[PDB]
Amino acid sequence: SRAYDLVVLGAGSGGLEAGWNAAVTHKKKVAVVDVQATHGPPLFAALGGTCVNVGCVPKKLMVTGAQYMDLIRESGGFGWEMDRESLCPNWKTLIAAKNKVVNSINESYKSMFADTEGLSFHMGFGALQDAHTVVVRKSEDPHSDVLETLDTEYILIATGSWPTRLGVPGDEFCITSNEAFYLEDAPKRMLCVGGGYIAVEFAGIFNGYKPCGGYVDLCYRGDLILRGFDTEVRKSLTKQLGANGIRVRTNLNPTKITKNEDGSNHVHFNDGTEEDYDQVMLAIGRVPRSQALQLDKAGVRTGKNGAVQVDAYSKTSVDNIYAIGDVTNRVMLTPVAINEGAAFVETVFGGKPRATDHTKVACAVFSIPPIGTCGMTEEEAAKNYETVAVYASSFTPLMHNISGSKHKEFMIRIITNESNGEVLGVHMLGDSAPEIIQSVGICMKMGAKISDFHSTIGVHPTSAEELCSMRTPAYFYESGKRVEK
């Protein structure tokens, strides 16, 4: 009948998972459309998606790089003597080394397509024509030249999401997480606008790679950063970012930005103040990237903010068209899209359908120090459950008596349903948190109870062993009310 079984728009974490699966485990003809093969400023995203190119992968590298500032400082207490005063890192060699790693992954994906039969990569901007026709153009402009016309059985949208700007005058003088990865020099005076994942993680990066006398400011619209996270973790992180040199600034928002005649930018604020930053990054949000795909033409229902509306199996308003990952706007994470993709393949090409379990998904924030959480916060579980129990524990790892970094407190907070003991949320702040929370997320998926935690013999000495020592709740919530007992 048709040329291909599946055209996947976007060669991202979702795209590549679905594409590869359909083609290899099920031997289907799969065409995968994306913008370019290698990471690069003009268009940013490439083969591998945001995760590989302008997202998690390079992010994590630069976070690791920044973390050495703390680690070099700390080594002194342990006997490691070296010339420490006036010492700042080389940004250029970091971005160099970063590019090398990303590019090598880009390459690994090029040869994957060459070696896999059924799979083929088609470079350009895919757009819908009808239920069975994806049209690859050279531009986002639907008047640019048509490169290919792909006749297909199934269409999968996996084009992800894109940085949100803010309508203020001078908006286009600012950078986003995209351009951040390709800055020529590390900024002396940095402003990070917003209080989310990116905002926080990148503050940590710039703060690590700032040159002499440099400083990073982080301004947030509301009054406590990282809304959605455990409030006791958010407060403790705000302190530790401060202690590490990041000047957190709540209830503040830029209003106008102009360019000084030396390159730098002048920022007008909410409280009417004015300061000069070398660069200003907008970590405002990520709107689904579907404005271009002409979903109207093929009749694909797009709900709130362009997000493609799907059911539990990713099926859209049309039976043969599907969408996965950030473009659906459920839980915007790489492993989620991968799981959504793998499920999609099992659904239509596997015979045995399956829906991605969106609840109790463990994730992490790669700040310094990092956050590792899974499940429900206090606020939510209290406004959803009869009687809840809140366990808490804070401690300084013994090494930090020597290391000098006495601000580095490790925090665990377990949130349970008091009626049966079931663990509804675990929230951790400190080094190793992302690693620990992973195996935690297995227990939560296994419907584990607080009794399962504190009956397991500990592994001494670790930060993680403290999960099994929390016996008595710090306090309770009795139908919405913060009750002491």
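Numbers for residues come from their place in the sequence shown, where the first is 1. If you superpose the two forms and keep the largest set of C-alpha atoms that fall within 1.5 Å, you have the rigid core.
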Of the two stretches 80 to 88 and 223 to 231, CA positions deviate more in 4 other deposited structures of this protein after rigid core alignment for 80 to 88
Returned stretch for higher CA RMS in 4 other deposited structures of this protein, core superposition, given 34 to 42 and 421 to 429, is 34 to 42
Stretch with higher mean Cα temperature factor, 201 to 209 vs 83 to 91, is 83 to 91
Entry B factor averaged over C-alpha atoms, 288 to 296 against 233 to 241: higher for 288 to 296
The third of the chain into which the C-alpha temperature factor of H39 falls is the middle
Of the three thirds of Cα B-factor ranks in this chain, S394 occupies the middle
Temperature factor at the Cα of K29, chain-ranked in thirds, falls in the middle
Split the chain's modelled residues into thirds by Cα B-factor; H407 lands in the middle
So, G167's CA B-factor, relative to its chain, sits in which third? The middle
